[PDB]
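In the authors' numbering, the protein residues as written are 2 to 160.
Quick reminder that beta carbons are idealized off the backbone N, C-alpha and C, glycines included.
Below you'll find the structure, written out as structure tokens, and then a few comments.
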Amino acid sequence: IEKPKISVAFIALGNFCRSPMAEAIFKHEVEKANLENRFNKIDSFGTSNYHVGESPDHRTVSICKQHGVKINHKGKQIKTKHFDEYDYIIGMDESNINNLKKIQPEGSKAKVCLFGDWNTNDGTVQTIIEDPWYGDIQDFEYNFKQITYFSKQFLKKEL
Ligand SMILES: O=[N+]([O-])c1ccc(OP(=O)(O)O)cc1
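The structure is reproduced here in structure tokens:
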């Protein structure tokens with residue numbers, strides 16, 4: 002087939018604040034655009050195992066609920082083997098990218114990229130989805146705006 006079903010994995014450090022939000026929003030945008038048929042797996046993970054088994058940060062959940070975006074997730078860690086199970090392994094910031102590239106096996110199919118690679122750079126949003134941990138609910142809302150923006154760009158540019 003010329004239009005293969007795509008598998009996407011969103012990565013952050015804890016799979017607690019940003020990546021579960023990225024997965025939730027991306028699935029939401031796929032559904033709104035009736036593009037389910039173009040995707041196999043859409044998941045989120047963390048480079049660390051610090052929040053394995055836990056539901057997302059209450060602030061990420063509150064932001065998703067405020068926008069009417071469903072979210073249901075338990076923390077999980079990205080592994081070297083996953084690089085052959087996903088077409089895109091998308092990090093939030095450069096520190097995520099650094100770690101992913103160091104565990105990326107040679108020849109694996111996944112393309113490691115920054116979600117912000119899909120930014121238009123037209124000034125609407127910043128490219129790096131910054132860790133909101135030490136910030137507050139506004140930083141989480143901004144991550145939501147960034148992720149929604151890149152999700153729509155990704156759907157328009159990669160399919
Ligand atoms: O404690 N922390 O610094 C911390 C913990 C979990 C986080 O979640 P992430 O956005 O999925 O990496 C982000 C930051």
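- Query: Once you ignore the five residues that flank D94 on each side, which residues in its own chain have a CB closer than 6 Å to its CB?
  - Reply: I129
- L101 to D44 span [Cα, whole Å]: 16 Å
- Message: Checking 8 Å against the spacing of the C-beta atoms, do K158 and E30 come in under that value?
- Response: no
- Message: Short of 6 Å in beta carbon distance, which residues of its chain neighbour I138, apart from the five on each side in sequence? Order them along the chain.
- Response: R60
- Query: For the alpha helix (DSSP H) that contains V62, what are its first and last residues?
  - Reply: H59 to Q67
- Are the segment 140-147 and the segment 116-131 touching, with three or more C-beta to C-beta distances below 8 Å? yes
- Message: With H, G and I counted as helix, E and B as strand and the rest as coil, what does DSSP make of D85?
- Response: helix
- Query: By the 10 Å Cβ neighbour count, where 16 or more other Cβ atoms means buried, how is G54 classified, buried or exposed?
  - Reply: exposed
- Message: Can you give me the C-alpha to C-alpha distance between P21 and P5, rounded to a whole angstrom?
- Response: 25 Å
- Could you tell me if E24 is buried or exposed, where buried requires 16 or more neighbouring beta carbons within 10 angstroms of its beta carbon? buried
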